[PDB]
file data.pdb (PDB, C-alpha atoms)
ATOM      1  CA  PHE N 175      11.165  -4.937   7.290
ATOM      2  CA  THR N 176      10.413  -5.570  10.944
ATOM      3  CA  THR N 177      10.825  -3.677  14.188
ATOM      4  CA  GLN N 178      10.714  -4.384  17.919
ATOM      5  CA  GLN N 179      11.033  -2.593  21.261
ATOM      6  CA  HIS N 180      13.360  -3.673  24.079
ATOM      7  CA  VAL N 186      10.598  -7.214  24.778
ATOM      8  CA  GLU N 187       7.426  -6.056  22.988
ATOM      9  CA  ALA N 188       5.906  -8.149  20.222
ATOM     10  CA  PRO N 189       7.615  -7.400  16.850
ATOM     11  CA  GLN N 190       5.771  -5.398  14.263
ATOM     12  CA  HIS N 191       5.934  -5.651  10.487
ATOM     13  CA  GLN N 192       6.247  -2.529   8.291
ATOM     14  CA  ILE N 193       6.763  -1.607   4.645
ATOM     15  CA  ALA N 194       8.631   1.466   3.450
ATOM     16  CA  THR N 195       8.353   3.128   0.090
ATOM     17  CA  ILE N 196      11.428   5.038  -0.832
ATOM     18  CA  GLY N 197      11.851   7.612  -3.551
ATOM     19  CA  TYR N 198      15.528   8.230  -4.222
ATOM     20  CA  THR N 199      18.424   9.481  -6.255
ATOM     21  CA  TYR N 200      22.150   9.968  -5.952
ATOM     22  CA  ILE N 201      23.919  13.334  -5.723
ATOM     23  CA  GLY N 202      27.411  12.024  -6.410
ATOM     24  CA  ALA N 203      30.378  11.994  -4.097
ATOM     25  CA  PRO N 204      30.216  14.571  -1.186
ATOM     26  CA  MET N 205      33.171  16.925  -0.562
ATOM     27  CA  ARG N 206      33.841  16.587   3.190
ATOM     28  CA  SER N 207      35.725  13.796   4.993
ATOM     29  CA  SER N 208      32.858  13.434   7.475
ATOM     30  CA  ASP N 209      30.434  12.707   4.623
ATOM     31  CA  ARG N 210      32.512  10.636   2.186
ATOM     32  CA  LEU N 211      33.415   8.122   4.852
ATOM     33  CA  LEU N 212      29.651   7.514   5.423
ATOM     34  CA  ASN N 213      27.928   8.028   1.971
ATOM     35  CA  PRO N 214      30.590   8.118  -0.892
ATOM     36  CA  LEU N 215      28.002   7.162  -3.485
ATOM     37  CA  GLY N 216      25.781  10.141  -2.723
ATOM     38  CA  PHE N 217      22.614   8.170  -1.874
ATOM     39  CA  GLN N 218      19.721  10.455  -1.167
ATOM     40  CA  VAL N 219      16.109   9.857  -0.199
ATOM     41  CA  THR N 220      13.769  12.355  -1.819
ATOM     42  CA  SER N 221      10.507  10.905  -0.504
ATOM     43  CA  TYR N 222       9.763   8.519   2.347
ATOM     44  CA  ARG N 223       6.846   6.754   3.977
ATOM     45  CA  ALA N 224       6.404   3.586   6.005
ATOM     46  CA  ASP N 225       3.109   1.956   6.876
ATOM     47  CA  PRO N 226       2.214  -1.077   9.099
ATOM     48  CA  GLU N 227       2.044  -4.377   7.247
ATOM     49  CA  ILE N 228      -1.212  -6.215   7.668
ATOM     50  CA  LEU N 229      -0.443  -9.889   8.016
TER      51      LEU N 229
ATOM     52  CA  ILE A 117     -24.277  -8.978  -1.960
ATOM     53  CA  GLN A 118     -27.181  -6.714  -2.761
ATOM     54  CA  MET A 119     -25.941  -4.304  -0.077
ATOM     55  CA  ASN A 120     -22.280  -4.691  -0.959
ATOM     56  CA  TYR A 121     -23.140  -4.234  -4.648
ATOM     57  CA  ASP A 122     -25.126  -1.032  -4.112
ATOM     58  CA  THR A 123     -22.555   0.230  -1.597
ATOM     59  CA  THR A 124     -19.727  -0.332  -4.044
ATOM     60  CA  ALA A 125     -21.645   1.614  -6.682
ATOM     61  CA  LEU A 126     -22.370   4.361  -4.113
ATOM     62  CA  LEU A 127     -18.629   4.683  -3.475
ATOM     63  CA  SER A 128     -17.709   4.590  -7.218
ATOM     64  CA  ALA A 129     -17.466   7.079 -10.107
ATOM     65  CA  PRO A 130     -19.803   6.005 -13.016
ATOM     66  CA  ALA A 131     -16.756   4.689 -14.939
ATOM     67  CA  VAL A 132     -15.844   2.532 -11.943
ATOM     68  CA  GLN A 133     -19.460   1.564 -11.285
ATOM     69  CA  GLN A 134     -19.715   0.189 -14.817
ATOM     70  CA  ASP A 135     -16.499  -1.812 -14.465
ATOM     71  CA  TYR A 136     -17.948  -3.290 -11.280
ATOM     72  CA  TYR A 137     -21.458  -3.967 -12.685
ATOM     73  CA  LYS A 138     -19.896  -5.885 -15.593
ATOM     74  CA  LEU A 139     -18.425  -8.452 -13.154
ATOM     75  CA  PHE A 140     -21.952  -9.726 -12.642
ATOM     76  CA  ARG A 146     -20.032 -13.723 -10.273
ATOM     77  CA  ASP A 147     -23.793 -14.367  -9.831
ATOM     78  CA  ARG A 148     -23.476 -17.578 -11.925
ATOM     79  CA  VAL A 149     -19.933 -18.713 -11.019
ATOM     80  CA  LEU A 150     -20.315 -18.329  -7.273
ATOM     81  CA  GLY A 151     -24.106 -18.013  -7.246
ATOM     82  CA  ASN A 152     -25.304 -19.730  -4.080
ATOM     83  CA  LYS A 153     -22.728 -22.555  -4.318
ATOM     84  CA  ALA A 154     -19.571 -20.652  -3.338
ATOM     85  CA  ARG A 155     -18.670 -17.469  -1.457
ATOM     86  CA  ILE A 156     -15.756 -15.035  -1.191
ATOM     87  CA  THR A 157     -14.326 -13.716   2.072
ATOM     88  CA  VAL A 158     -12.180 -10.571   1.964
ATOM     89  CA  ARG A 159     -10.099  -8.893   4.662
ATOM     90  CA  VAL A 160      -7.746  -5.898   4.475
ATOM     91  CA  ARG A 161      -4.376  -6.122   6.216
ATOM     92  CA  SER A 162      -3.039  -2.602   5.663
ATOM     93  CA  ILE A 163      -3.739   0.636   3.790
ATOM     94  CA  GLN A 164      -1.192   3.360   3.174
ATOM     95  CA  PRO A 165      -2.082   6.624   1.267
ATOM     96  CA  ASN A 166       0.576   7.749  -1.197
ATOM     97  CA  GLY A 167      -0.223  11.209  -2.539
ATOM     98  CA  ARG A 168      -3.160  13.321  -3.882
ATOM     99  CA  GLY A 169      -6.227  11.063  -4.135
ATOM    100  CA  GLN A 170      -4.258   7.801  -4.194
ATOM    101  CA  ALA A 171      -3.638   4.872  -1.856
ATOM    102  CA  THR A 172      -2.345   1.302  -1.727
ATOM    103  CA  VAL A 173      -4.481  -1.453  -0.177
ATOM    104  CA  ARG A 174      -2.916  -4.756   0.859
TER     105      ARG A 174
END

call {"tool": "encode", "arguments": {"input": "data.pdb", "output": "structure tokens"}}
result
Amino acid sequence: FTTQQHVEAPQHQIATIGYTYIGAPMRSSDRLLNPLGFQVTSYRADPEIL
Amino acid sequence: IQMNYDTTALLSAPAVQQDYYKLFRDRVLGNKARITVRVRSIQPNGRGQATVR
């Protein structure tokens, strides 16, 4: 993916995502955002060297 | 290459040093062709482990 600040030159980055799913949540405020239960268990993102 | 060769060995476990030594490139590239290498990005991922692009 890429990212930019508003304009500064855009940067390139790569994320590594460890993940699972915890099933449907049991609150209206959660199910209307993440019904599938997606969950990141590990996350890192480093600059891409072009 | 003599410095890069010795440096690589200096920064390698004997198992790794042997893998490296075996690559000798001295006849294929010799003094007819050369290899240029540049690293774009390195990101560590754990306990003695990293990814180099």

call {"tool": "interface_residues", "arguments": {"input": "data.pdb", "of": "chain N", "to": "chain A", "cutoff": "8 Å", "atoms": "only C-alpha atoms", "output": "PyMOL selection string"}}
result
chain N and resi 225-229

call {"tool": "resolve_selection", "arguments": {"input": "data.pdb", "expression": "the PyMOL selection byres ((chain N and resi 196) around 12)", "output": "PyMOL selection string"}}
result
(chain N and resi 193-195+197-199+217-225) or (chain A and resi 166)

call {"tool": "resolve_selection", "arguments": {"input": "data.pdb", "expression": "the PyMOL selection byres ((chain A and resi 121) around 12)", "output": "number ranges by chain"}}
result
A: 117-120, 122-128, 133-134, 136-140, 146-147

call {"tool": "atom_distance", "arguments": {"input": "data.pdb", "atom1": "CA of residue 176 in chain N", "atom2": "CA of residue 171 in chain A"}}
result
21.7 Å

call {"tool": "residues_around", "arguments": {"input": "data.pdb", "residues": "residue 213 in chain N", "least_positions_apart": "6", "cutoff": "12 Å", "atoms": "all atoms listed in the file", "output": "PyMOL selection string"}}
result
chain N and resi 200-207

call {"tool": "atom_distance", "arguments": {"input": "data.pdb", "atom1": "CA of residue 212 in chain N", "atom2": "CA of residue 191 in chain N"}}
result
27.6 Å

call {"tool": "atom_distance", "arguments": {"input": "data.pdb", "atom1": "CA of residue 168 in chain A", "atom2": "CA of residue 192 in chain N"}}
result
22.1 Å

call {"tool": "axis_aligned_box", "arguments": {"input": "data.pdb", "around": "range 212-222 of chain N", "padding_each_side": "4 Å", "output": "JSON"}}
result
{"center_x": 20.2, "center_y": 9.8, "center_z": 1.0, "size_x": 28.8, "size_y": 13.2, "size_z": 16.9}

call {"tool": "decode", "arguments": {"input": "data.pdb", "residues": "chain A", "atoms": "C-alpha atoms", "output": "compact mmCIF listing (two decimals), in the first residue's frame"}}
result
# COMPACT_ATOMS: atom_id res chain seq x y z
CA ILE A 117 35.37 -9.63 -3.83
CA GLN A 118 38.16 -10.76 -1.58
CA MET A 119 36.89 -8.35 1.09
CA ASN A 120 33.23 -9.08 0.47
CA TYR A 121 33.99 -12.82 0.52
CA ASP A 122 35.86 -12.71 3.83
CA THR A 123 33.30 -10.30 5.28
CA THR A 124 30.44 -12.59 4.34
CA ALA A 125 32.23 -15.49 6.03
CA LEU A 126 32.90 -13.28 9.08
CA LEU A 127 29.16 -12.58 9.34
CA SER A 128 28.17 -16.27 8.77
CA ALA A 129 27.77 -19.42 10.90
CA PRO A 130 30.08 -22.24 9.57
CA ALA A 131 27.05 -23.92 7.93
CA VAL A 132 26.28 -20.67 6.11
CA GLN A 133 29.95 -19.99 5.36
CA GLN A 134 30.18 -23.35 3.58
CA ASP A 135 27.05 -22.68 1.52
CA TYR A 136 28.62 -19.38 0.48
CA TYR A 137 32.13 -20.79 -0.23
CA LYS A 138 30.58 -23.41 -2.53
CA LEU A 139 29.26 -20.65 -4.84
CA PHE A 140 32.84 -20.08 -5.92
CA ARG A 146 31.13 -17.21 -9.68
CA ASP A 147 34.92 -16.80 -10.13
CA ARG A 148 34.68 -18.49 -13.57
CA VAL A 149 31.21 -17.37 -14.72
CA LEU A 150 31.65 -13.70 -13.88
CA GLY A 151 35.43 -13.81 -13.43
CA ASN A 152 36.76 -10.50 -14.72
CA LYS A 153 34.29 -10.34 -17.64
CA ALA A 154 31.08 -9.50 -15.75
CA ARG A 155 30.10 -7.99 -12.40
CA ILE A 156 27.10 -7.93 -10.06
CA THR A 157 25.69 -4.81 -8.42
CA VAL A 158 23.43 -5.23 -5.38
CA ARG A 159 21.34 -2.69 -3.48
CA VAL A 160 18.87 -3.17 -0.61
CA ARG A 161 15.55 -1.33 -0.75
CA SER A 162 14.06 -2.26 2.63
CA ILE A 163 14.60 -4.51 5.65
CA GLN A 164 11.94 -5.38 8.19
CA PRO A 165 12.66 -7.68 11.24
CA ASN A 166 9.91 -10.18 11.97
CA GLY A 167 10.54 -11.94 15.27
CA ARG A 168 13.37 -13.60 17.31
CA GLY A 169 16.51 -13.67 15.15
CA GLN A 170 14.67 -13.29 11.84
CA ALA A 171 14.21 -10.61 9.18
CA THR A 172 13.06 -10.03 5.61
CA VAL A 173 15.34 -8.23 3.14
CA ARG A 174 13.92 -6.77 -0.08
